[PDB]
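Engineer:
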């Protein structure tokens, strides 16, 4: 009863020593670690950048991935076809202005009636 | 045996040890955080390496772009629209021409062909190719606003 309760005080002394030495080792290791790494407006504005850049990369490779989606064979096909159609549209434009010449200066038709019939509009122009 | 003297002391230190241990672990936690972070000289490196690494991609983008190796979504829309504009302009001006050529043909009571021969109007291309072009590559409509949305 007495010694049985005396032992529990012998456990906690040893425990205290062990814990004390442990805390000592800990404060020591921090003391050595806090050396290189030191909190500052510098390191602060720095870590933020090691993240910022890190992200900007992922954004970039996404950009690329997406940019390649667009088939340039199609872009060119379009480019060529439109050149064709516009030269054709310019052809029939020229034909229309030629019908304006004849209709106005030969059949003496109405300068008002002519436009409306041909389809000549405001800002009617060739396609450049 | 007036053991209150001793059975109190255990309690005293049973409070003390606990305090330090619950403080002890805290230190551990922070030192873990310290071991999980790079120093400030190495972190200063990795950044000026990432800067160069990003700037790199900015140059690669500048190049594949400047070389017209690639087509942006907005551009792929614009070519697409311009096509509609042309094929429309074409099929339209032809029609609103040949419809006047119609009346004016029998006005003089003559075939349209010789009328175009006299006035000096061009043959054109055939519609055989136009429709087969709409077929090959279908025109589509493309809003100017859609194109502004793609450009941001």
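Residue numbers (the entry's author numbering), protein chains in the order written: chain A, 76 to 203; chain B, 79 to 230. C-beta atoms are modelled at their ideal positions from N, C-alpha and C, and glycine is treated no differently.
Consult DSSP for residue 105 of chain A and reduce its assignment to one of helix, strand or coil.
Structural biologist: Helix at residue 105 of chain A.
Engineer: If you follow the alpha helix (DSSP H) that residue 186 of chain B is in, where does it begin and where does it stop?
Structural biologist: Unbroken run through residue 186 of chain B: none, as it is neither H nor E.
Engineer: Please report the Cβ distance between residue 229 of chain B and residue 128 of chain A, rounded to the nearest whole angstrom; I am assuming they are in contact, meaning their Cβ atoms lie under 8 Å.
Structural biologist: Contact flag wrong, Cβ pair sits at about 26 Å.
Engineer: Shortest alpha-carbon distance to residue 179 of chain B belongs to which of B:206, B:193, B:126?
Structural biologist: Cα-wise, what sits closest to residue 179 of chain B is B:193.
Engineer: Rounded to whole angstroms, what's the CA-CA distance from residue 168 of chain A to residue 142 of chain A? Just pull it up for me.
Structural biologist: Each residue's Cα considered, the two are about 38 Å apart.
Engineer: Expressed to the nearest angstrom, what Euclidean distance is found between the alpha-carbon atoms of residue 217 of chain B and residue 148 of chain B?
Structural biologist: Answer to the nearest angstrom: the Cα atoms are 22 Å apart.
Engineer: Quick one, which residues of the segment 79–113 of chain B are near chain A if we go by CB-CB under 9 Å, in chain order?
Structural biologist: Listed by position along the chain: 79, 81, 84, 85, 87, 88, 91, 92, 94, 95, 98, 99, 101, 102, 105, 106, 108, 109, 112, 113.
Engineer: Using the beta-carbon of each residue, which ones in chain B are nearer than 8 Å to residue 169 of chain A?
Structural biologist: Near residue 169 of chain A (Cβ distances below 8 Å), the residues of chain B are 200.
Engineer: Could you tell me the alpha carbon to alpha carbon distance between residue 85 of chain B and residue 107 of chain A, rounded to whole angstroms?
Structural biologist: For residue 85 of chain B and residue 107 of chain A, the distance between alpha carbons rounds to 41 Å.
Engineer: At what residues does the alpha helix (DSSP H) containing residue 156 of chain A begin and finish?
Structural biologist: Element bounds for residue 156 of chain A: 147–180.
Engineer: Could you check what DSSP says for residue 119 of chain B in three-state terms: helix, strand or coil?
Structural biologist: DSSP places residue 119 of chain B in coil when its eight states are reduced to three.
Engineer: Return the residues of the segment 193–225 of chain B that lie within a Cβ-Cβ distance of less than 7 Å from chain A, sorted by chain order.
Structural biologist: Cβ contacts with chain A come from 197, 198, 199, 200, 202, 203, 211, 215.
Engineer: Taking Cβ positions only, does residue 187 of chain B come closer than 9 Å to chain A?
Structural biologist: No, because no Cβ of chain A sits closer than 9 Å to the Cβ of residue 187 of chain B.
Engineer: According to a CB-to-CB cut-off of less than 7 Å, which residues of the segment 151–165 of chain A neighbour chain B?
Structural biologist: So the list reads 152, 153, 154, 156, 157, 160, 161, 163, 164, given in the order they occur along the chain.
Engineer: Could you tell me which of A:178, A:186, A:185 sits nearest to residue 186 of chain B, measuring between CA atoms?
Structural biologist: That would be A:178, whose Cα lies nearest to the Cα of residue 186 of chain B.
Engineer: What does residue 104 of chain A reach in chain B if we use C-beta pairs closer than 8 Å?
Structural biologist: What residue 104 of chain A touches in chain B: 109.
Engineer: The alpha helix (DSSP H) spanning residue 127 of chain A covers which residue range?
Structural biologist: Start and end: 116–142.
Engineer: Quick one: Cα of residue 120 of chain B to Cα of residue 111 of chain B, how far?
Structural biologist: Approximately 17 Å, taken between the alpha carbons.
Engineer: Can you pull the chain C neighbours of residue 113 of chain A, defined as C-beta to C-beta under 8 Å?
Structural biologist: Considering every chain present, this structure includes no chain C. Its protein chains are A and B.
Engineer: Taking the alpha helix (DSSP H) that residue 190 of chain A falls in, what are its first and last residues?
Structural biologist: Unbroken alpha helix (DSSP H) run through residue 190 of chain A: 186–193.
Engineer: Evaluate the contact criterion for the segment 189–203 of chain A versus the segment 156–175 of chain A: three or more CB pairs, one atom per stretch, below 8 Å.
Structural biologist: Verdict: yes, contact present.
Engineer: Please list, in chain order, the chain A residues whose beta carbon lies closer than 9 Å to that of residue 150 of chain B.
Structural biologist: Neighbours of residue 150 of chain B on chain A, chain order: 142, 145.
Engineer: Rounded to the nearest angstrom, what separates residue 97 of chain A and residue 101 of chain B at their Cα positions?
Structural biologist: So the two alpha carbons sit approximately 11 Å from each other.
Engineer: Is residue 183 of chain A helix, strand or coil by DSSP?
Structural biologist: Reduced to three states, the DSSP call for residue 183 of chain A is coil.
Engineer: Apart from the five residues on each side of it in sequence, which residues of its chain come closer than 7 Å, Cβ to Cβ, to residue 193 of chain A?
Structural biologist: Once the five neighbours on either side are set aside, the close Cβ partners of residue 193 of chain A are 171, 174, 175.
Engineer: For a quick check, are the C-beta atoms of residue 98 of chain B and residue 87 of chain A less than 9 Å apart?
Structural biologist: Going by C-beta atoms, residue 98 of chain B is not nearer than 9 Å to residue 87 of chain A.
Engineer: What residues in its chain sit with their C-beta under 6 Å from that of residue 211 of chain B, if we drop five residues either side in the sequence?
Structural biologist: For residue 211 of chain B, where only same-chain residues beyond five positions count, there are no Cβ hits under 6 Å.
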